[PDB]
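With ideal geometry, Cβ positions are generated from the backbone for all residues, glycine too; neighbour counts draw on all protein chains shown. Please treat every number below as a calculation from the coordinates, not as lab data.
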4 protein chains.
Amino acid sequence: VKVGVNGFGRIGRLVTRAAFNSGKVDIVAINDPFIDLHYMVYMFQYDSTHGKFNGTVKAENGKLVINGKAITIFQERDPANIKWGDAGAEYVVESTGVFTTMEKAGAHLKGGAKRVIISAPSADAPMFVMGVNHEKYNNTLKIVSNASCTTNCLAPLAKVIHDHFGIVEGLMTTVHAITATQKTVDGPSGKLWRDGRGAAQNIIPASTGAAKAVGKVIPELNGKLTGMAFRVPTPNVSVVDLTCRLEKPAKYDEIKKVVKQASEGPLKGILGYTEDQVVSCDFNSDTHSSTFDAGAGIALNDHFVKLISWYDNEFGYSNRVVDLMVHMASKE
Amino acid sequence: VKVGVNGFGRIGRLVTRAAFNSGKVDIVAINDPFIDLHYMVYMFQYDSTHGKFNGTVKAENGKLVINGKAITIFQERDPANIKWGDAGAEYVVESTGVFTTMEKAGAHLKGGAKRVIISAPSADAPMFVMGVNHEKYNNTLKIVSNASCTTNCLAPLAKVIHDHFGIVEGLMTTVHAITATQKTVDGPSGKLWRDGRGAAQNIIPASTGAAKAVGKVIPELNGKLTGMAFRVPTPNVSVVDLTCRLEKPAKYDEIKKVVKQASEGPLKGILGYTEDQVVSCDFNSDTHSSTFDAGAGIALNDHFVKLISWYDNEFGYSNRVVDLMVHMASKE
Amino acid sequence: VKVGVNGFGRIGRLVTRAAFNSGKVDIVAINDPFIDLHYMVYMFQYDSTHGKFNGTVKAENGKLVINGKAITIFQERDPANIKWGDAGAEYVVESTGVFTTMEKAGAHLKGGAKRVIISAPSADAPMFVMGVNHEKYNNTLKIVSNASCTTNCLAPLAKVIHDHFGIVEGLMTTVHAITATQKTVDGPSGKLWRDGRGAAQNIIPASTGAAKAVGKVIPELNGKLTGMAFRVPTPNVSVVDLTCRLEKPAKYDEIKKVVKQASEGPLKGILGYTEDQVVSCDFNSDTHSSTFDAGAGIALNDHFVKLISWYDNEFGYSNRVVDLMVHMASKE
Amino acid sequence: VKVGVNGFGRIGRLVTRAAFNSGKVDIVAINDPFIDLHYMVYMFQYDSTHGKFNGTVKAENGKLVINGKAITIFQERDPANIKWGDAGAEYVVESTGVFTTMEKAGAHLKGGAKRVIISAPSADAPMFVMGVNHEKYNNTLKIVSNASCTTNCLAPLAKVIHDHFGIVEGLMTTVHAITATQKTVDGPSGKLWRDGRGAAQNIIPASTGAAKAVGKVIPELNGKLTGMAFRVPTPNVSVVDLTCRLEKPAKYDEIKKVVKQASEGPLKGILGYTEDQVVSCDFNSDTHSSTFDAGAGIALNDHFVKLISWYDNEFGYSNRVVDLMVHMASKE
Ligand SMILES: NC(=O)c1ccc[n+]([C@@H]2O[C@H](COP(=O)([O-])OP(=O)(O)OC[C@H]3O[C@@H](n4cnc5c(N)ncnc54)[C@H](O)[C@@H]3O)[C@@H](O)[C@H]2O)c1
Ligand SMILES: NC(=O)c1ccc[n+]([C@@H]2O[C@H](COP(=O)([O-])OP(=O)(O)OC[C@H]3O[C@@H](n4cnc5c(N)ncnc54)[C@H](O)[C@@H]3O)[C@@H](O)[C@H]2O)c1
Ligand SMILES: NC(=O)c1ccc[n+]([C@@H]2O[C@H](COP(=O)([O-])OP(=O)(O)OC[C@H]3O[C@@H](n4cnc5c(N)ncnc54)[C@H](O)[C@@H]3O)[C@@H](O)[C@H]2O)c1
């Protein structure tokens, strides 16, 4: 399928990387009004976190050509004006973070796009997480959400656990890497005052709707989960810390077996499993949504356990945006 | 009380600094075979995390002289050889990290000290946390532990919540600043392999008995709490994240009211309370054991809640070592 | 003299702190459209780099009240509309970074300000560095510039060395702490593409006019100096590295004596001297413009030498802004 | 040539990585008394800076097996007791950092090694830098040094500039990533007090003989260069800042040409050249010795210039150790 990307930010660039590495979808257009063609060459070629792109990146005849694939570049502030149908962009990845409602994201449909995948949570577009509920997608849905990086880490683990032992209730913390929303030194962030404080100097508490959101993609968990976040001074890779009460008793070793089995089966490539003595850098550019860390977690008793799973918040998620698009395309 | 300090390290120097700031005890001797006298001046005078010493420090005739007060200096590798009695040191702060059993810490009694305070959890020495069980200290105890920074944070909050609502069970996470046992780049770390990984690059999961230890200072909570830690790239200030089940129902506002009331009363100076939009740097050089963060926590229902409390792992703990020694001296 | 601040940022806030230590400067008004009154209370009170404010700060009756002094708060995007005259602001500190020319900074005069001090280099306003050319100010100048942090570090040193030995030519590197113009993760940065790359992850080369600008405040050095910068992952405190050819011969010991003699006499408070084994954090909240590090520099021979001088880019500069106002006020 | 590695650390491990990209060097033995066999598997497989090993690693029958090649593991503190001859190690890489003189590194010969390559400057073993003086090696030299990362960055650039324009005199600064010698928080470093201060909190000045050593590899530059370093909070990748006086005049674009020409011909893969808007992370895992940053440097005039070159201090140098062994083996 032919894909257009709106917003060549971290997620837009890394979706693009993922699409080219993988060969699965064809990027044919990109819109970004704040980043010109020659700057796009540079921002895609060099990446502080994931390294230099492999292959050619160049500007040719007002296009962005990556390994000889020419991509049409737009610079529209208003998504309605973007000529997606003319450029052959069938599916649009909406990655600006500012067009996340059905209302706003549907503006791509005017331009000729057939479907829009919001690379972020939505107030009202239906949400999907690969391995958890992506089967609920159907042909009538033109605007969908891939949820958040954190919900994509948590939901597959919650699913495995709930399925075998039943989650009565659960409280989540994510210790999350620095994001573009943050500031280098104490500066203004109007509404969210903690998020203005110097990012590399602080542990910063933040609220997050990721845990509640799991209750939408796994409806049996509706109301059973919530949580919060701490932003910490790393550039990428984050971790979920799920403290849950279980209905059926489970020895920790039973939890390990059942997660490892899910990682080898229906959730392969989505949920991983490790017993190694890992740290966050070992998940740099790792494509899983969630990788359970058997050694880091801890049980108080057979009904009350803390479970730990890692996620490359940029790269895991980006690959899932690609995989959702592949599924949607198979269902046309 | 006249105090000797074994080990001039983060904690050894900050205990010294807290003693000089507060005036609560008199430091009369320091032993550290790896820092010569002129190096001691330098290490005490300049501090990256807490700033220059406010006062004077110099070497004079073989003594370290702080604020004009001369301190006898020893250079002994074996604590059994430290002539504490010649210096007049009555209590000895055992702050090396390598003599934490009663048998090992008891060597200070051979050179003339009367009591020893181990500035770390001990496998076997009686453990005390100011504001929680310090009143159980008595004059028969010559060798005691002030527990860990993390225990000193968790225990006062745990006491308040258990006292009011009953903790049925809890799991703790501590998001913890980097420590001197870590490494700058990936290198060897004995049996704790994760701990050798480059400290400033990684979120590093770690074991801690600090939650279990709360059952030593609050026996009713024996077997009801455990936890783990994550080491992240900040130089100082850590946070406890406690997920607990309560016996009685408690609305989040009643929880706040009761913590705030404990902070103003018998735990004043130990347990703090804030509703401000704080981040970790706001507690740098803060002397509390634990500061409840009202806006950071979240409740799922009236019996399942996540409570957040901050702690200056260096300077809050150092001040508690000083406070315990004042309390001990009041019982002689 | 009564002062207004436009732009309540790192420099706006730190100028306000510094001013609360002088009888000669009173802050009476502040304008910042991205920080409402209750937000200012918070941004002023809490500071990741310099710690909590030691006086009182409150919002009371629509005013910002600091150490009992009520400050009028404005919220204008266009400095032409700010009613400084009404609030009694005679001098205005122009610290937004976006009005650095005479035309733009001159807007403040429409509202009744008498003089404007731009807290950055200006293309056309006369530039002053305290201890170097501040006596060239006269009371007909309504718009002036306090130059940059880097210029304020380099000029006093350059002056001492030129005055004693003559500098034939010099090339400067500054290794500079992260700032507000940088980005947390790889992001859009207009024409300065290097400045967009994640600030915590990188050493980032950057151009700086600061060494050239020394040829304005020391006209004999005109065209004899230039330089560049590297941005590095520290939150505050920067260092100048001056490699210069000297006209007369100077042994390194003579350079030291000469610099120290200046630090004790005419440039006391502006130019410091140390022989201690210092590192950047040792200058955090340090009010000097420049402190020569005697142990860090190195000479190739008597005419070719690398000289090293530290500067708290936030607080040293913020104190010079106050000091230039005090000097200007003395000339009224 | 079959090679053994003494000290399996950043350089030991990355040499080993680089050896496994070379059909001309076979690692057959590793000694490291602080890393047992199973820990070596972990330490080799996972790398925070350079990512997971792209190959296989396991322990089998007492040996470390990398990409199917079995390597004998020794656990000796005293290098004279290591049985290199018996394991078949002809060359030994001496990468502990504690055996750098001819006499100390000589110890490997007693256990049957034929030649020793010291991965660090030596007081008396002959120093080589690939592309500058490696052709001065001959088979009578059983103990050699590959100089330092910083010398390998500066010397190739200095050669090009000196050969074309002549360097009358030069002063170097290197802005260098953190290394294993540093500390995570302020701690003891008795010979080098600045180096004990918390590494991720500070810019730390440090002495370096690397500029002076360029005079041993380029005897015509003897006494004409010296320099110093700052250590800053990045995990890897460093930069040289060369301030030099030229005999013949050279416009900056003539400098660019000569350097670029050198990079395409005889110093290819050693000296790189870029005009891109690069920052440190763009050289992470880059195998060059020195990459000239055209945009970053600046000239005062035709005879006085500041030149910028980047280097991955870990990975470039490690590749050079391997390249030096290849060269030496070519002469046997
Ligand atoms: N830093 C914290 O956040 C913190 C908090 C609570 C408790 N603690 C505990 O405090 C203790 C010390 O911690 P630290 O962070 O100060 O470590 P540190 O590494 O900074 O200090 C240890 C000091 O002991 C010295 N030393 C080593 N061997 C010695 C010997 N045989 N005799 C005398 N001195 C010796 C070293 O030279 C060093 O100055 C540990 O038990 C640790 O668990 C630390
Ligand atoms: N931080 C340093 O190290 C340093 C040192 C010397 C000089 N300076 C200079 O001082 C100036 C400020 O730097 P900073 O580091 O405080 O930046 P900063 O981003 O912290 O502060 C900028 C402030 O100006 C405000 N602002 C933006 N537009 C405005 C407008 N139209 N009206 C009123 N306020 C507005 C912002 O809300 C912000 O609070 C710059 O010119 C900078 O070059 C900075
Ligand atoms: N890291 C760099 O950027 C860099 C660049 C160029 C050269 N070097 C040089 O290479 C050497 C090692 O540097 P590194 O950064 O890899 O340090 P490192 O601390 O990572 O490695 C040293 C290793 O030697 C081992 N070791 C200690 N004593 C030993 C003994 N007696 N026998 C065998 N092994 C022993 C340690 O366990 C460790 O694994 C030093 O000379 C250093 O100056 C380092």
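Quick check: from the Cα gyration tensor, does segment B:1-57 come out rounded (a/c under 1.5), prolate or oblate? Walk me through the numbers on the way to the answer.
On the way: a/c = 1.70, a/b = 1.07, b/c = 1.60.
It is oblate, given that a/c is not under 1.5 and a/b is not larger than b/c.
Annotation for A:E220 and C:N67: the two label points, set 7 Å from Cα along the Cα-Cβ direction, are 6.5 nm apart. Using every pair of separate Cα atoms, the Kirkwood estimate puts the hydrodynamic radius of the protein assembly as shown at 33.0 angstrom.
Put in line by how crowded their Cβ is, counting other Cβ atoms within 10 Å and starting with the fewest, D:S207, C:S285, B:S290 read D:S207, C:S285, B:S290. Listed by Cβ neighbour count within 10 Å, with the fewest neighbours leading, B:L271, C:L64 appear as C:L64, B:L271. May I ask you to derive the FRET efficiency for D:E254 and C:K248 from their Cβ-Cβ distance with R0 = 30 Å, giving the value to the nearest 0.05? Efficiency, from the Cβ-Cβ distance: 0.40.
Over segment B:106-179, the reciprocal of the mean inverse Cα-Cα separation, the Kirkwood hydrodynamic radius, stands at 14.2 Å. Amide H to amide H distances under 5 Å link B:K52 with B:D47, where only residues 5 or more positions off or on other chains count and H is placed in the peptide plane.
How would you classify segment B:78-231 from its alpha-carbon gyration tensor, with a ≥ b ≥ c the square roots of the eigenvalues: rounded for a/c under 1.5, else prolate if a/b is greater than b/c, otherwise oblate? Oblate, because a/c is 1.5 or more while a/b does not exceed b/c.
From the largest down, chain B spans 65, 46, 38 angstrom on the principal axes of its Cα atoms. Label-point spacing at D:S330 relative to the other copies reads 5.3, 6.9, 7.9 nm, in ascending order, each point sitting 7 Å out from Cα along Cα→Cβ. When B:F99, D:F34 are sorted by how many other C-beta atoms sit within 10 angstrom of their C-beta, beginning with the fewest, the order is D:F34, B:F99. Distances between copies of B:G97, taken at a point 7 Å out from Cα along the Cα→Cβ vector and listed shortest first: 1.7, 3.7, 3.9 nm.
In the assembly of identical copies, D:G223 has its label point, taken 7 Å from Cα in the direction of the beta carbon, separated from the corresponding points by 3.4, 8.2, 8.8 nm (ascending, one decimal). Figure legend: label point modelled 7 angstrom from the Cα of D:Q261 along Cα→Cβ; residues of segment D:146-160 with amide N under 18 Å from it are D:156-160. For the rotational copy pair A/C, the chain A residue whose Cβ lies nearest the symmetry axis, together with its distance in Å, is A:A200, 2. For C:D163 and B:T101, a Förster radius of 56 Å and the Cβ-Cβ distance give a FRET efficiency of 0.30, rounded to the nearest 0.05. Spatial offset of segment C:198-227 relative to segment C:90-152 amounts to 19 Å, using the alpha carbon center of each. The mean sequence separation of alpha-carbon pairs under 8 Å and at least six residues apart, normalised by the residue count of chain C, gives a relative contact order of 17 percent. For the listed residue pairs C:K191/D:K251; A:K136/A:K251; C:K306/C:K331; A:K63/C:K212; B:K52/C:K142; B:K216/B:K260, the alpha carbons are over 29 angstrom apart in A:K136/A:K251; C:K306/C:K331; A:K63/C:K212; B:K52/C:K142.
Evaluated with a Cβ-only charge set (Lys, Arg +1; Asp, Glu -1), chain C carries a dipole of roughly 460 debye about its Cα centre, given to the nearest 20.
Treating segment C:228-332 as a set of equal point scatterers at the Cα positions, no solvent, please give the Debye-formula log₁₀ I(q)/I(0) at q = 0.16 Å⁻¹. Listed by q, the Debye log ratios stand at -0.78. DSSP bridge analysis restricted to segment A:147-313 gives an antiparallel fraction near 70%, rounded to the nearest 5.
Which percent, to the nearest 5, of DSSP beta bridges fully inside the protein assembly as shown are antiparallel?
Antiparallel: roughly 50 percent of the beta bridges in the protein assembly as shown.
Output the 0 to 90 degree angle, nearest 10, between the alpha-carbon long axis of helix B:149-165 and the longest principal axis computed from the alpha carbons of chain B. Result, in degrees: 30.
Pairs of Cα atoms nearer than 8 Å and 6+ residues apart set the relative contact order; for segment A:147-313 it is 28 percent. Of the two radii for segment B:147-313, the radius of gyration is 0.98 times the Kirkwood radius, both from the alpha carbons; that is the Rg over Rh value. FRET efficiency for the pair A:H38 and A:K110, taken as 1/(1 + (r/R0)^6) with r the Cβ-Cβ distance and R0 = 30 Å, rounds to 0.55.
Among the GluC sites (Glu not before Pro) in segment D:203-303, those placed in a DSSP loop whose Cβ has at most 15 other Cβ atoms within 10 Å are D:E247, D:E275. Computed from Cα atoms, the angle from the helix B:252-264 axis to the main principal axis of chain B rounds to 30 degrees.
Between helix D:10-19 and chain D there is an angle of about 80 degrees, using the helix long axis and the longest principal axis of the Cα atoms.
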